[PDB]
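Novice: File follows, input-v1.pdb with PDB, C-alpha atoms:
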```pdb
MODEL        1
ATOM      1  CA  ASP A   1       7.536  -3.932  22.063
ATOM      2  CA  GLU A   2       7.283  -3.252  18.328
ATOM      3  CA  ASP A   3       9.506  -0.230  17.700
ATOM      4  CA  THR A   4      12.983  -0.429  16.168
ATOM      5  CA  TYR A   5      14.768  -3.736  16.458
ATOM      6  CA  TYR A   6      18.285  -4.978  15.792
ATOM      7  CA  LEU A   7      18.841  -7.668  13.173
ATOM      8  CA  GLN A   8      22.195  -9.410  13.150
ATOM      9  CA  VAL A   9      22.921 -10.428   9.591
ATOM     10  CA  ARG A  10      26.074 -12.249   8.514
ATOM     11  CA  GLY A  11      27.610 -11.757   5.093
ATOM     12  CA  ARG A  12      27.658  -8.557   3.041
ATOM     13  CA  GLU A  13      25.350  -9.933   0.316
ATOM     14  CA  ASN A  14      22.885 -10.991   3.004
ATOM     15  CA  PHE A  15      23.118  -7.675   4.880
ATOM     16  CA  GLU A  16      22.587  -5.617   1.708
ATOM     17  CA  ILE A  17      19.475  -7.515   0.632
ATOM     18  CA  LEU A  18      17.892  -7.104   4.052
ATOM     19  CA  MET A  19      19.197  -3.535   4.515
ATOM     20  CA  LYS A  20      17.547  -2.341   1.301
ATOM     21  CA  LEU A  21      14.490  -4.247   2.471
ATOM     22  CA  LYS A  22      14.559  -2.641   5.925
ATOM     23  CA  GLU A  23      14.458   0.670   4.120
ATOM     24  CA  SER A  24      11.587  -0.445   1.861
ATOM     25  CA  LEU A  25       9.520  -1.870   4.763
ATOM     26  CA  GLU A  26      10.262   1.063   7.100
ATOM     27  CA  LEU A  27       9.605   3.674   4.423
ATOM     28  CA  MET A  28       6.258   2.040   3.677
ATOM     29  CA  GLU A  29       5.011   3.878   6.769
ATOM     30  CA  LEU A  30       6.064   7.232   5.328
ATOM     31  CA  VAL A  31       4.156   6.794   2.077
ATOM     32  CA  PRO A  32       0.626   8.315   2.141
ATOM     33  CA  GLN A  33      -1.922   5.568   2.826
ATOM     34  CA  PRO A  34      -4.239   6.674  -0.066
ATOM     35  CA  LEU A  35      -1.313   6.464  -2.501
ATOM     36  CA  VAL A  36      -0.381   2.964  -1.312
ATOM     37  CA  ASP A  37      -3.994   1.848  -1.708
ATOM     38  CA  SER A  38      -3.865   2.950  -5.349
ATOM     39  CA  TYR A  39      -0.706   0.896  -5.886
ATOM     40  CA  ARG A  40      -2.271  -2.117  -4.183
ATOM     41  CA  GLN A  41      -5.066  -1.803  -6.733
ATOM     42  CA  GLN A  42      -2.622  -1.788  -9.651
ATOM     43  CA  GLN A  43      -1.053  -4.832  -8.009
ATOM     44  CA  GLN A  44      -4.454  -6.361  -7.272
ATOM     45  CA  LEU A  45      -4.963  -6.590 -11.027
ATOM     46  CA  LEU A  46      -2.762  -9.685 -11.203
ATOM     47  CA  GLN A  47      -0.286 -11.401  -8.879
ATOM     48  CA  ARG A  48       1.264 -13.150 -11.868
TER      49      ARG A  48
ATOM     50  CA  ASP B   1      34.144  -6.089   6.624
ATOM     51  CA  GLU B   2      31.488  -8.616   5.604
ATOM     52  CA  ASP B   3      30.794 -10.668   8.731
ATOM     53  CA  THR B   4      27.731 -10.205  10.941
ATOM     54  CA  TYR B   5      26.026  -6.849  10.780
ATOM     55  CA  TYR B   6      23.315  -5.097  12.762
ATOM     56  CA  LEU B   7      20.092  -4.099  11.022
ATOM     57  CA  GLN B   8      17.823  -1.667  12.818
ATOM     58  CA  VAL B   9      14.280  -2.436  11.776
ATOM     59  CA  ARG B  10      11.242  -0.541  13.043
ATOM     60  CA  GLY B  11       7.869  -2.199  13.459
ATOM     61  CA  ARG B  12       7.198  -5.798  14.488
ATOM     62  CA  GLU B  13       5.756  -6.799  11.085
ATOM     63  CA  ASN B  14       8.840  -5.349   9.407
ATOM     64  CA  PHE B  15      11.258  -6.982  11.868
ATOM     65  CA  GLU B  16       9.625 -10.414  11.502
ATOM     66  CA  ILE B  17       9.754 -10.409   7.703
ATOM     67  CA  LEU B  18      13.432  -9.489   7.707
ATOM     68  CA  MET B  19      14.251 -11.711  10.717
ATOM     69  CA  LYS B  20      12.884 -14.821   8.999
ATOM     70  CA  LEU B  21      14.787 -13.647   5.940
ATOM     71  CA  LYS B  22      18.022 -13.155   7.889
ATOM     72  CA  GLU B  23      17.658 -16.762   8.932
ATOM     73  CA  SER B  24      16.961 -17.913   5.358
ATOM     74  CA  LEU B  25      19.896 -15.935   3.876
ATOM     75  CA  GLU B  26      22.308 -16.867   6.693
ATOM     76  CA  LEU B  27      21.308 -20.529   6.663
ATOM     77  CA  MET B  28      21.904 -20.641   2.913
ATOM     78  CA  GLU B  29      25.593 -20.929   3.811
ATOM     79  CA  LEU B  30      24.944 -24.027   5.914
ATOM     80  CA  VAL B  31      23.172 -25.924   3.149
ATOM     81  CA  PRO B  32      25.495 -28.212   1.111
ATOM     82  CA  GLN B  33      26.487 -26.453  -2.118
ATOM     83  CA  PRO B  34      25.691 -29.534  -4.315
ATOM     84  CA  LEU B  35      22.181 -29.696  -2.833
ATOM     85  CA  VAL B  36      21.569 -25.991  -3.498
ATOM     86  CA  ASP B  37      22.745 -26.423  -7.089
ATOM     87  CA  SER B  38      20.102 -29.120  -7.558
ATOM     88  CA  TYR B  39      17.422 -26.762  -6.236
ATOM     89  CA  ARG B  40      18.646 -23.965  -8.495
ATOM     90  CA  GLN B  41      18.122 -26.385 -11.372
ATOM     91  CA  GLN B  42      14.542 -27.123 -10.313
ATOM     92  CA  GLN B  43      14.110 -23.355 -10.093
ATOM     93  CA  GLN B  44      15.958 -22.814 -13.370
ATOM     94  CA  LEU B  45      13.133 -24.699 -15.066
ATOM     95  CA  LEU B  46      10.906 -21.620 -14.930
ATOM     96  CA  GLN B  47      10.976 -18.290 -13.093
ATOM     97  CA  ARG B  48       7.245 -17.925 -13.670
TER      98      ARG B  48
ATOM     99  CA  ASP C   1      -3.250 -23.504  -1.527
ATOM    100  CA  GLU C   2       0.307 -23.027  -0.263
ATOM    101  CA  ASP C   3       2.544 -24.485  -2.972
ATOM    102  CA  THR C   4       4.480 -22.386  -5.486
ATOM    103  CA  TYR C   5       3.181 -18.910  -6.140
ATOM    104  CA  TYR C   6       3.921 -16.177  -8.655
ATOM    105  CA  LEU C   7       5.235 -12.832  -7.433
ATOM    106  CA  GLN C   8       5.163  -9.939  -9.864
ATOM    107  CA  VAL C   9       8.040  -7.658  -9.001
ATOM    108  CA  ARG C  10       8.835  -4.452 -10.875
ATOM    109  CA  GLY C  11      12.371  -3.165 -11.247
ATOM    110  CA  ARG C  12      15.537  -5.241 -11.600
ATOM    111  CA  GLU C  13      16.953  -4.178  -8.206
ATOM    112  CA  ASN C  14      13.655  -5.141  -6.585
ATOM    113  CA  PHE C  15      13.413  -8.459  -8.457
ATOM    114  CA  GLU C  16      16.991  -9.448  -7.564
ATOM    115  CA  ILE C  17      16.570  -8.792  -3.844
ATOM    116  CA  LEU C  18      13.401 -10.866  -3.711
ATOM    117  CA  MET C  19      14.722 -13.516  -6.140
ATOM    118  CA  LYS C  20      17.767 -14.222  -3.969
ATOM    119  CA  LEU C  21      15.354 -14.234  -1.048
ATOM    120  CA  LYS C  22      12.965 -16.652  -2.767
ATOM    121  CA  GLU C  23      15.930 -18.960  -3.107
ATOM    122  CA  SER C  24      16.932 -18.502   0.549
ATOM    123  CA  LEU C  25      13.368 -19.051   1.862
ATOM    124  CA  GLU C  26      12.651 -21.974  -0.497
ATOM    125  CA  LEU C  27      15.995 -23.643   0.168
ATOM    126  CA  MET C  28      15.346 -23.411   3.903
ATOM    127  CA  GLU C  29      13.126 -26.463   3.403
ATOM    128  CA  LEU C  30      16.004 -28.439   1.903
ATOM    129  CA  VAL C  31      18.352 -27.848   4.824
ATOM    130  CA  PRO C  32      18.263 -30.642   7.466
ATOM    131  CA  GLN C  33      16.028 -29.572  10.359
ATOM    132  CA  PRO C  34      18.623 -30.582  13.042
ATOM    133  CA  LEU C  35      21.254 -28.424  11.322
ATOM    134  CA  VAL C  36      18.914 -25.416  11.188
ATOM    135  CA  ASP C  37      18.118 -25.848  14.882
ATOM    136  CA  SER C  38      21.841 -25.601  15.643
ATOM    137  CA  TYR C  39      22.058 -22.362  13.655
ATOM    138  CA  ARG C  40      18.994 -20.972  15.416
ATOM    139  CA  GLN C  41      20.865 -21.614  18.657
ATOM    140  CA  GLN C  42      23.928 -19.698  17.457
ATOM    141  CA  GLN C  43      21.497 -16.956  16.462
ATOM    142  CA  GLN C  44      19.563 -17.299  19.717
ATOM    143  CA  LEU C  45      22.710 -16.146  21.499
ATOM    144  CA  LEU C  46      21.992 -12.530  20.567
ATOM    145  CA  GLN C  47      19.678 -10.756  18.123
ATOM    146  CA  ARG C  48      21.901  -7.685  18.292
TER     147      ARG C  48
ATOM    148  CA  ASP D   1      14.610  -5.767 -19.344
ATOM    149  CA  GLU D   2      13.962  -4.397 -15.853
ATOM    150  CA  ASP D   3      10.195  -3.907 -15.645
ATOM    151  CA  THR D   4       7.844  -6.267 -13.803
ATOM    152  CA  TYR D   5       9.063  -9.794 -13.278
ATOM    153  CA  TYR D   6       7.519 -13.037 -12.075
ATOM    154  CA  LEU D   7       8.872 -14.689  -8.938
ATOM    155  CA  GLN D   8       7.859 -18.270  -8.279
ATOM    156  CA  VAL D   9       7.798 -18.764  -4.540
ATOM    157  CA  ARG D  10       6.886 -22.042  -2.853
ATOM    158  CA  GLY D  11       5.188 -22.161   0.524
ATOM    159  CA  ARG D  12       2.647 -19.687   1.897
ATOM    160  CA  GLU D  13       4.982 -18.370   4.630
ATOM    161  CA  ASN D  14       7.661 -17.802   2.000
ATOM    162  CA  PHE D  15       5.250 -16.168  -0.467
ATOM    163  CA  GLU D  16       3.837 -13.802   2.176
ATOM    164  CA  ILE D  17       7.241 -12.569   3.331
ATOM    165  CA  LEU D  18       8.315 -11.825  -0.227
ATOM    166  CA  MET D  19       4.868 -10.523  -1.272
ATOM    167  CA  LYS D  20       4.842  -7.903   1.488
ATOM    168  CA  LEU D  21       8.410  -7.159   0.454
ATOM    169  CA  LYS D  22       7.493  -6.839  -3.229
ATOM    170  CA  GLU D  23       4.994  -4.236  -2.132
ATOM    171  CA  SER D  24       7.561  -2.430   0.044
ATOM    172  CA  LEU D  25      10.256  -2.433  -2.686
ATOM    173  CA  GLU D  26       7.820  -1.512  -5.485
ATOM    174  CA  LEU D  27       6.131   1.209  -3.447
ATOM    175  CA  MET D  28       9.532   2.723  -2.685
ATOM    176  CA  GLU D  29       9.310   4.223  -6.177
ATOM    177  CA  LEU D  30       6.027   5.943  -5.342
ATOM    178  CA  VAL D  31       7.360   7.688  -2.248
ATOM    179  CA  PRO D  32       8.656  11.245  -2.919
ATOM    180  CA  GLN D  33      12.448  11.162  -3.267
ATOM    181  CA  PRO D  34      12.967  14.147  -0.864
ATOM    182  CA  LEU D  35      10.920  12.362   1.811
ATOM    183  CA  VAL D  36      12.939   9.151   1.423
ATOM    184  CA  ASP D  37      16.173  11.129   1.715
ATOM    185  CA  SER D  38      14.967  12.479   5.064
ATOM    186  CA  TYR D  39      14.268   8.936   6.270
ATOM    187  CA  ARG D  40      17.674   7.761   5.068
ATOM    188  CA  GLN D  41      19.124  10.509   7.251
ATOM    189  CA  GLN D  42      17.198   9.317  10.310
ATOM    190  CA  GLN D  43      18.491   5.851   9.447
ATOM    191  CA  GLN D  44      21.981   7.180   8.733
ATOM    192  CA  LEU D  45      22.167   8.144  12.399
ATOM    193  CA  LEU D  46      22.910   4.545  13.376
ATOM    194  CA  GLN D  47      22.678   1.156  11.662
ATOM    195  CA  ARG D  48      22.639  -0.529  15.061
TER     196      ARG D  48
ENDMDL
END
```
Just give me the structure as structure tokens.
Specialist:
Amino acid sequence: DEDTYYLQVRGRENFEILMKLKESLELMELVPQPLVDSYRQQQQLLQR
Amino acid sequence: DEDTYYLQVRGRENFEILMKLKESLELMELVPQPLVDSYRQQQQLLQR
Amino acid sequence: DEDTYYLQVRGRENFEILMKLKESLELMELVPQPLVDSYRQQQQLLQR
Amino acid sequence: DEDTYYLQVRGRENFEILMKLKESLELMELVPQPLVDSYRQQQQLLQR
């Protein structure tokens, strides 16, 4: 139990923010791991 | 068309982040407007 | 170490989605617990 | 004005949800456009 799930979200504004996020989170699995690591490094520089 | 929607999210980690968010976004409608305005002020102080 | 944090987000679209979310998540602490429980119940009805 | 921004988020749980999201949203720019389009198609199948 960890595959696709259904998220009931009320309100267009709310749905859109999460929908774009669902795409960002889901797509993060389709981005080459080595390329994500590099980004994490650029981000590791400063969380500010 | 702006009521509750269904968001298919794959991966437990992904689902949990959005699920907690769905709750935060949805609940934001149940928090007294005047009280949210006050918070926005405290937040308006600095986005840093 | 769990108070306010700084999140560096690149891209306006990205910043806005998270900013509105920061407000939703942060405000969730300002909404009466008993009132949130009631919502969670309405949400507990179905995650679909 | 649309580059990196700073998001002040209070509470570890809150910060973590948005932080992982900041990474997902930001990384979405590093994932080949043609590959994202394919995903969007798989997602276009059903929003349920």
Novice: Just say which residues the ChimeraX specification (/C :<7) & /B picks in this file, as a list in words.
Specialist: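 Selection result, ordered by chain and number: residues 6, 21, 24, 25, 28, 31 and 48 of chain B.
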Novice: Could you state the separation of atom CA of residue B:11 and atom CA of residue A:16 in Å, given to one decimal place?
Specialist: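 One can read the atom CA of residue B:11 to atom CA of residue A:16 distance as 19.1 Å.
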Novice: Could you work out how far atom CA of residue D:3 lies from atom CA of residue C:13, giving the answer in Å with one decimal?
Specialist: 10.1 Å
Novice: I'd like the interatomic distance between atom CA of residue C:2 and atom CA of residue A:44, to a tenth of an Å.
Specialist: 18.7 Å
Novice: As AutoDock Vina command-line options, please report the centre and edge lengths, rounded to one decimal in Å, of the axis-aligned box that holds all listed atoms of stretch 3-16 of chain C with 4 Å of padding on each of the six sides.
Specialist:
```
--center_x 9.8 --center_y -13.8 --center_z -7.3 --size_x 22.4 --size_y 29.3 --size_z 16.6
```
Novice: Give me the least-squares superposed chain D (reference chain B; all C-alpha atoms paired in order) as a PDB file with C-alpha atoms, in the frame of the given file.
Specialist:
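selection39.pdb, freshly written:
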```pdb
ATOM      1  CA  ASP D   1      34.145  -6.089   6.624  1.00  0.00           C
ATOM      2  CA  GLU D   2      31.488  -8.616   5.604  1.00  0.00           C
ATOM      3  CA  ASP D   3      30.795 -10.669   8.730  1.00  0.00           C
ATOM      4  CA  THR D   4      27.730 -10.207  10.940  1.00  0.00           C
ATOM      5  CA  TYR D   5      26.025  -6.850  10.780  1.00  0.00           C
ATOM      6  CA  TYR D   6      23.314  -5.098  12.761  1.00  0.00           C
ATOM      7  CA  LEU D   7      20.092  -4.099  11.023  1.00  0.00           C
ATOM      8  CA  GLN D   8      17.823  -1.668  12.820  1.00  0.00           C
ATOM      9  CA  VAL D   9      14.281  -2.436  11.776  1.00  0.00           C
ATOM     10  CA  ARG D  10      11.243  -0.541  13.044  1.00  0.00           C
ATOM     11  CA  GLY D  11       7.869  -2.198  13.460  1.00  0.00           C
ATOM     12  CA  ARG D  12       7.198  -5.798  14.488  1.00  0.00           C
ATOM     13  CA  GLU D  13       5.757  -6.800  11.085  1.00  0.00           C
ATOM     14  CA  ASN D  14       8.839  -5.350   9.407  1.00  0.00           C
ATOM     15  CA  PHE D  15      11.258  -6.982  11.868  1.00  0.00           C
ATOM     16  CA  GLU D  16       9.625 -10.415  11.501  1.00  0.00           C
ATOM     17  CA  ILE D  17       9.754 -10.409   7.703  1.00  0.00           C
ATOM     18  CA  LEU D  18      13.431  -9.489   7.708  1.00  0.00           C
ATOM     19  CA  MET D  19      14.252 -11.712  10.716  1.00  0.00           C
ATOM     20  CA  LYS D  20      12.883 -14.820   8.998  1.00  0.00           C
ATOM     21  CA  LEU D  21      14.786 -13.646   5.940  1.00  0.00           C
ATOM     22  CA  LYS D  22      18.022 -13.155   7.889  1.00  0.00           C
ATOM     23  CA  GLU D  23      17.658 -16.762   8.932  1.00  0.00           C
ATOM     24  CA  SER D  24      16.959 -17.911   5.358  1.00  0.00           C
ATOM     25  CA  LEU D  25      19.895 -15.936   3.876  1.00  0.00           C
ATOM     26  CA  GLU D  26      22.308 -16.867   6.693  1.00  0.00           C
ATOM     27  CA  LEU D  27      21.309 -20.529   6.663  1.00  0.00           C
ATOM     28  CA  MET D  28      21.904 -20.642   2.912  1.00  0.00           C
ATOM     29  CA  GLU D  29      25.592 -20.928   3.811  1.00  0.00           C
ATOM     30  CA  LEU D  30      24.946 -24.025   5.914  1.00  0.00           C
ATOM     31  CA  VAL D  31      23.172 -25.923   3.149  1.00  0.00           C
ATOM     32  CA  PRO D  32      25.495 -28.212   1.112  1.00  0.00           C
ATOM     33  CA  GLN D  33      26.486 -26.453  -2.117  1.00  0.00           C
ATOM     34  CA  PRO D  34      25.690 -29.534  -4.315  1.00  0.00           C
ATOM     35  CA  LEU D  35      22.181 -29.695  -2.834  1.00  0.00           C
ATOM     36  CA  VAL D  36      21.571 -25.990  -3.498  1.00  0.00           C
ATOM     37  CA  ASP D  37      22.746 -26.423  -7.088  1.00  0.00           C
ATOM     38  CA  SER D  38      20.101 -29.121  -7.558  1.00  0.00           C
ATOM     39  CA  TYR D  39      17.422 -26.761  -6.236  1.00  0.00           C
ATOM     40  CA  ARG D  40      18.645 -23.964  -8.495  1.00  0.00           C
ATOM     41  CA  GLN D  41      18.122 -26.386 -11.372  1.00  0.00           C
ATOM     42  CA  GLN D  42      14.541 -27.123 -10.313  1.00  0.00           C
ATOM     43  CA  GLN D  43      14.110 -23.355 -10.092  1.00  0.00           C
ATOM     44  CA  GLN D  44      15.958 -22.814 -13.371  1.00  0.00           C
ATOM     45  CA  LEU D  45      13.134 -24.700 -15.065  1.00  0.00           C
ATOM     46  CA  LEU D  46      10.907 -21.621 -14.930  1.00  0.00           C
ATOM     47  CA  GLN D  47      10.977 -18.290 -13.093  1.00  0.00           C
ATOM     48  CA  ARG D  48       7.245 -17.925 -13.671  1.00  0.00           C
TER      49      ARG D  48
END
```
